[PDB]
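This structure is in structure tokens; I'll ask about it shortly.
Each chain gets a letter, A, B, C, D, E and F, in the order it is written, and its residues are counted from 1.
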Amino acid sequence: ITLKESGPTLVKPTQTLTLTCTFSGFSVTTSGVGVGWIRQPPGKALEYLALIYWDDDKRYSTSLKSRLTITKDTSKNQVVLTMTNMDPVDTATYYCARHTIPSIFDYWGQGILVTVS
Amino acid sequence: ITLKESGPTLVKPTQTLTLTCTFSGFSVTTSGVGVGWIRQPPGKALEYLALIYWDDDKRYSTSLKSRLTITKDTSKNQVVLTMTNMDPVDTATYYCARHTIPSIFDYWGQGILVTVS
Amino acid sequence: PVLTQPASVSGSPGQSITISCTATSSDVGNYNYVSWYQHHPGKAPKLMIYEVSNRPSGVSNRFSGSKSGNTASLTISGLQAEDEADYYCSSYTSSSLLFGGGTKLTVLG
Amino acid sequence: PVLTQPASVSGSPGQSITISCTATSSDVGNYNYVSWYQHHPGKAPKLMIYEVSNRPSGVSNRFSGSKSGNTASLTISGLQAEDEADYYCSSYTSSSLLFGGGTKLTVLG
Amino acid sequence: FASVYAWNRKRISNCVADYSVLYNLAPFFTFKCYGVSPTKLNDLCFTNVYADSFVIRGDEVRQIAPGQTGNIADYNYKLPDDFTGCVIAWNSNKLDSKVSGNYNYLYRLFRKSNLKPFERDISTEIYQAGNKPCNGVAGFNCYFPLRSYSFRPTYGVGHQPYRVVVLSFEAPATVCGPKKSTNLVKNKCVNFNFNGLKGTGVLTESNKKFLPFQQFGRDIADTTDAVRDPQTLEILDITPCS
Amino acid sequence: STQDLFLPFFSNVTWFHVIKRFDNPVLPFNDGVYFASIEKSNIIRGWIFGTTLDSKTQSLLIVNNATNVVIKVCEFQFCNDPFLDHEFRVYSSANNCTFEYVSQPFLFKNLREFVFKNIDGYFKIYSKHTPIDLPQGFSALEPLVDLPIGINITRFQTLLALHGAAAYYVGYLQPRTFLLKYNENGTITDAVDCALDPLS
């Protein structure tokens, strides 16, 4: 079970951030299993962003619901999260992790650091 | 299979109430078939008064056994119930209904309203 | 030696309503002769169910019932706006017959 | 609707310490899906406890947990110098999931 | 698993029904039989077996039984008063629930009349509750028949989803339990039963040229004197013990 | 000495021909049926057994092909003249199925003999294949399969492949007693029909 993250590390204000998570060792199209994103800004705790389920049910943090969109490609084992209208304050390390019920997130990736400037 | 009721609607205290039920469409001289009386005082549930069977067997509610007398005349298809010592509190609508075992009362008449005053 | 019922029941039309009647004595014996009546103000009481679960003629198939232990239940399926009436239960005891307190049905809308 | 944690936890090596996390709302419902993480700076967060008290594979038996009411606790026995990490709690709410503030562990010596 | 308003049935036949494999599905919540003992299941051979599966709330599990009434019993899944079979149900929250609620499981709320035993209704036709036609317009006294459960991880016992399987047990039978067996003993003196052929004596090597379709042989007095071993297909010569 | 349903010796056997018209009537099924055929080009492919013989009641359909035999019990909308295309032109639709079985095929001229019985719900087939009106000589047929079909049979029909020539024979079994002789290997080598003549 492994998940690798890639994408832009530097984003300009008001632009859109797109991050892609590529996974292997498992299939996402199974009951009880989803893939979500979490971020951690400096000096702060982990913040939930978005979660996509095996059946393409898409859920988002209530404060970022209008800014986040999450989709998946089951043919390439990839999950993509886009965050619009990036602010100067939206600097954080983003993480891709597997979501289940008995365990909210596990198999966390190393994460990608994104700075807005 | 109908039953009609007639008699006094206004009775003075301590006097006797006589109600006559006349029925048609069936006989009361057949096995398993009788005729009984029920009353319903305002705001209250149905109360059993008396029952007479095809063989002239006469049964009464245990609380009114001493006050009620029921007789029948099979030549006129009539059943008569008399209630003595009418109390001011004995205000109710009286009903005549056909009595059977598998179903207690059916073919209920419209009823007669009796007030004591 | 009293039949006990709920004061009232309610729900929207099209929903299922249950009206219960429970014995409080052993005097009912087999308790296998339970009748249910539908009473509309100004009208004679009508028999809806007898012998626990049987229907009389002239009765909608929306009305049915059953027993468990010494408690009987009347089920009104597909509740209609025309079902607003006082429902009563009745059964035999060792020296008399009893009627229940009466349950008032209200249709919501 | 915020998970509350202590700023830091400390104690001597070889001893036992506790990291607590308390819910401040009823949105958590049963609050029976509490997860605990040990985050080593520069690395991914690791799951240490899930479903309140269960261990994942690859986790030392020195790590356990429990619940009382709407508050969860992570117990770390036999404290090692290698346990210096930022610990986080996580639970479900009515329409989302939350993480706690984070507790910084320090090993004395 | 199917929604309760649209329960899924499949037929079971021509098989060996091992009923022990279904006790390793989940901890243990609800299990009840009817007309049959749980410990006689791996024995009785049935004419027909049907498996009806659906998802409901934990508090609705009690409705799936003879003599019951409420909502599911009347409008979604009715069992007969003379139902014979065993019902199995367990907590499936960890697979079926969702953070905001799993809304893909539906049940019928609005219905003109009660269903018959093992009847189903898959219709989504608008229900008229009033005395006027709405012609499809969901306004007053006009409803969409179905409602969702919205199962969540935050729900307590009774509000969590349960997976329910009803095994209906019903002439020549085709669904039989498994048979047990022991080791074969040669050149001694034993009692024995070979695929139904009971007898006693000594089992030795045989030189009888049985045909491919023959299972046992007989002597001149029409008495069994040889059997084929049902597992090894070897022929055993049967004589009385000394 | 055994009593069972056997084809009486020296009895009348109905002889049907296949060609330019072929015989494909619906025949009665009594206590059991003896069926035999002689062919070179494999024209006879299968049989239908049942009662209403249509998508009205369940029926047993047995059809052979180059790799296996397919046996199905269903409510079939059988054709008025069902056949195989040398594709299936036996029925238009199967609406309700209860039983299915698959095995290796059941099928100088080639002689094939079959015995079809339906006892206490079990439909059982015996058969033999040898190289070659009916020939003289004696041979016992061995069992193929006894299926738990559980249906009634009153009539049956032979399914032919259309595109050669062939012929088939139909007889009926009776509850007679026969004396059977088993040789050293348990092969039935001879038999006497105990109701044929005073000598027997």
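In this section, a residue touches a chain if its C-beta (ideal position, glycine included) is under 8 Å from a C-beta of that chain, and two chains touch if they have at least 3 such contacts.
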(message) Tell me which has more C-beta contacts between its two chains, B-C or A-E.
(response) B-C
(request) Determine the centre-to-centre distance between chain B and chain E, using the mean Cα coordinates as centres, and give it in whole Å. (result) 58
(request) List the centre-to-centre spacing of chain A and chain D in whole Å, with centres computed as mean CA coordinates. (result) 22
(request) For chain B and chain F, let me know how many angstrom lie between their CA-based centres, rounded off. (result) 80
(message) Show the residues in chain F shared as contacts by 2 or more other chains, in ascending order.
(response) none
(message) Multi-chain contacts only, two chains or more: what residues does chain D have there?
(response) 33, 92, 95-97
(message) Let me make sure I understand the interfaces: which chain pairs count as touching?
(response) A-D, A-E, B-C, C-E, D-E, E-F
(request) State the interface residues of chain D toward chain E in the complex, per the touch definition above. (result) 27-30, 33, 92-97
(request) Spell out the part of chain A that touches chain D in their complex, as residue ranges. (result) 38, 45-48, 51, 59, 61-62, 95, 97, 101-106, 108-111
(request) Using the touch definition up top, name the residues of chain A that touch chain E in the complex. (result) 31-32, 51, 53, 55, 57, 59, 100-102
(request) State the interface residues of chain F toward chain E in the complex, per the touch definition above. (result) 98-99, 121-122, 142-143, 148, 150, 184-187
(message) Show me the residue ranges of chain D that touch chain A in the complex, using the header's touch definition.
(response) 33, 35, 37, 43-47, 50-51, 54, 56, 88, 90-92, 95-102
